[PDB]
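**Student:** The structure under discussion is supplied below as structure tokens; questions concerning it will follow.
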Amino acid sequence: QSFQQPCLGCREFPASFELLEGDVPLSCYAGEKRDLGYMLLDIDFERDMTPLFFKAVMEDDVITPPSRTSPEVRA
RNA sequence: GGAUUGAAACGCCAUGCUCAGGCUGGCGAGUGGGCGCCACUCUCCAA
């Protein structure tokens, strides 16, 4: 059940979803490290819709962005 | 029930492969070769 159909960025791209109750399976780049550079983190609506950025590095097919609520990120 | 750099967003309207041209002219299956050599219807049964 859902409030509305999810989308992959644009409404014309519906997304199928499922809930997991197990371990994360292996992935294509599980054994690789790859750099992506800076990318968007989130938008600050309080600061009249001001964006934020962070440095992204993909390793072992997992990503760990910093906390977007942290004040030091807001700086 | 606020906010997926998001919420809305036609590649669309229409146009002849057309007009026409001889597979033709002509060439001998033709020359010639024995079915031959020879062989008993024959032995006996009154009207």
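Ordering of the structure tokens sets the chain letters (A, B, ...); residue numbers start at 1 within each chain; ligands are numbered from 1 in the order shown.
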Output as a PDB file with C-alpha atoms (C1' of nucleotides), in the first residue's frame the set of chain B residues within 10 Å of chain A, with distances taken over only C-alpha atoms (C1' of nucleotides).
**Tutor:**
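Result went into selection_24.pdb, see below:
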```
ATOM      1  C1'   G B   1       0.011  15.238   4.099  1.00  0.00           C
ATOM      2  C1'   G B   2       5.657  20.792   2.358  1.00  0.00           C
ATOM      3  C1'   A B   3       9.199  20.698  -1.127  1.00  0.00           C
ATOM      4  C1'   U B   4      12.158  13.107  -5.645  1.00  0.00           C
ATOM      5  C1'   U B   5      16.694  20.705  -9.623  1.00  0.00           C
ATOM      6  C1'   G B   6      10.327  18.300  -8.668  1.00  0.00           C
ATOM      7  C1'   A B   7       5.378  19.429 -10.079  1.00  0.00           C
TER       8        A B   7
END
```
**Student:** Need to verify the contact set: region 26-34 of chain A, 10 Å, only C-alpha atoms (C1' of nucleotides), exclusion of same-chain residues closer than 6 positions in sequence. Can you return it as a list in words?
**Tutor:**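 The residues that qualify are residues 56, 57, 58, 59, 60, 61 and 62 of chain A.
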**Student:** Which residue gives the smallest distance to residue 42 (chain A) among A:15, A:54, A:64, A:22, with only C-alpha atoms counted?
**Tutor:**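 Checking each candidate against residue 42 (chain A), we get A:54 as the closest.
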